[PDB]
Amino acid sequence: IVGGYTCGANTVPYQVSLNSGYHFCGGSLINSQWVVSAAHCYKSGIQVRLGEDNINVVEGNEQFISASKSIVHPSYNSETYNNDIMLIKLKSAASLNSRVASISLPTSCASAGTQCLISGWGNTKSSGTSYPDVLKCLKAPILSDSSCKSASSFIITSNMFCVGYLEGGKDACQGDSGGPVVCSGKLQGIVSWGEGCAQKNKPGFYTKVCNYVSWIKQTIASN
Ligand SMILES: COC(=O)[C@H](Cc1cccc(C(=N)N)c1)NC(=O)CNS(=O)(=O)c1ccc(C)cc1
Ligand SMILES: [Ca+2]
């Protein structure tokens, strides 16, 4: 997260770290057994880490639970990043408490202009590289279709939305991928892609979670 702030320990209790010997992506706990992340974060050997603040120190509120299976969206297109969503099932149920909690799926899509919370342990620099050990947070608005479409030379689909500031300085970044965008109290986005981080006229692109609720519910009903 570039241009954000230290969240405070366990203030974002649905935020998870995905660990394959090291932190590589974020995710969101949606119930005691399932995490939503980005399809581009797929890999084998995932351990889900719940209740984290400092990812490099055991502070006492963590739950480390291995993934049993990962399910990439059936239409995920790595060429275009269309349908950049993945479900991760836990080998055992998380113990839900004040510091480890689920975030609900949306009933309706969030509206342009809504302020959202984006969080993660990703790079904090627009130029260069600095990784924080504690969880970082950013509040930023959903952009119009017009601004989002015109914001990249690359292909933009109806399953993506933009959040941030066209003037630059505030954005998600490398290592934030897969993590949550919470708007109107529900999980509305997944950190998906961007051109660099926090650059002028180059906002973040996010998976539009409200388009996937049927697939998520059907999938978790049978796995
Ligand atoms: C990988 O390095 C980076 O610093 C950012 C990471 C990133 C990840 C998620 C969200 C954001 C964000 N700013 N909201 C940033 N990604 C890139 O900079 C990748 N862009 S890119 O322009 O380098 C690029 C473009 C197209 C292809 C096929 C591959 C790579
Ligand atoms: Ca820790």
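Positions are given from 1, in the same order as the sequence printed here. The figures that follow rest on heavy atoms only: side chains count, while hydrogens, waters and symmetry mates do not.
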Can you tell me how far [atom2] of [Y] sits from [atom1] of [X], rounded to the nearest 0.5 angstrom?
X: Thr80; Y: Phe154; atom1: OG1; atom2: CZ; value: 12.0 Å
X: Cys173; Y: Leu138; atom1: SG; atom2: CG; value: 11.5 Å
X: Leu90; Y: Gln47; atom1: CG; atom2: CD; value: 10.5 Å
X: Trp34; Y: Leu29; atom1: CH2; atom2: CG; value: 12.0 Å
X: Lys43; Y: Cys25; atom1: NZ; atom2: SG; value: 7.5 Å
X: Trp215; Y: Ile220; atom1: CH2; atom2: CD1; value: 10.0 Å

Would a distance-only check, ignoring hydrogens and angles, find a side-chain to backbone donor-acceptor pair under 3.5 Å from [X] to [Y]?
X: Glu52; Y: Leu50; result: no
X: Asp53; Y: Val134; result: no
X: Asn10; Y: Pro13; result: no
X: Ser126; Y: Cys197; result: yes
X: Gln63; Y: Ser95; result: yes
X: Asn123; Y: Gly128; result: yes
X: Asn54; Y: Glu59; result: no
X: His23; Y: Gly175; result: yes
X: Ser184; Y: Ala110; result: no
X: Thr124; Y: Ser130; result: yes

Beyond-backbone contact of [X] with [Y], side-chain heavy atoms, under 4.5 angstrom:
X: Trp193; Y: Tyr206; value: no
X: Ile46; Y: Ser20; value: no
X: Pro141; Y: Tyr165; value: yes
X: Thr219; Y: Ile216; value: no
X: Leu117; Y: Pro180; value: no
X: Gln188; Y: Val209; value: no
X: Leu87; Y: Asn223; value: no

State, to 0.1 Å, how close [X] and [Y] come at their nearest heavy-atom pair, and which atoms those are.
X: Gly185; Y: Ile103; value: O-CD1, 3.8 Å
X: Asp84; Y: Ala39; value: OD1-N, 2.8 Å
X: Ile190; Y: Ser37; value: CD1-O, 3.6 Å
X: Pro106; Y: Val213; value: O-CG2, 3.6 Å

Treat each ILVMFWY residue as a node, draw an edge where side-chain heavy atoms are under 4.5 Å apart, and state whether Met86 and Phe205 are in one component.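 Both belong to a single hydrophobic cluster.
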
Report yes or no: do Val12 and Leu187 belong to one cluster of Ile/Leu/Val/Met/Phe/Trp/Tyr joined by side chain heavy-atom distances under 4.5 Å?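 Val12 clusters together with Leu187.
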
With sequence neighbours left out, which residue pairs that include part of residues 60-112 fulfil the disulfide bond (SG atoms under 2.5 Å apart) condition?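 Counting only pairs at least two positions apart or across chains, the disulfide bond (SG atoms under 2.5 Å apart) contacts touching residues 60-112 are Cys109-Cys210.
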
Donor-acceptor side-chain pairing of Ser119 and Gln15 below 3.5 angstrom: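 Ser119 vs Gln15: donor-acceptor pair found between side chains.
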
Verify the distance criterion only: is there a donor paired with an acceptor across the side chains of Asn77 and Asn82 at less than 3.5 Å?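 Short answer, no.
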
Passing candidate, side-chain contact (heavy atoms from CB on, under 4.5 Å) with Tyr14, options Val35, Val36, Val182: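 Of the listed options, the one satisfying the test is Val182.
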
Can you list everything that forms a side chain to side chain contact (heavy atoms under 4.5 Å, CB included) with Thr107? Sequence neighbours excluded, please.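 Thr107 satisfies side chain to side chain contact (heavy atoms under 4.5 Å, CB included) with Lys186 only.
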
Tell me, please, which residues at least two apart from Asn83 pass side chain to side chain contact (heavy atoms under 4.5 Å, CB included).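 Partners of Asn83 by the side chain to side chain contact (heavy atoms under 4.5 Å, CB included) criterion, ordered by chain and then number, come out as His73, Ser75, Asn159, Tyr212.
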
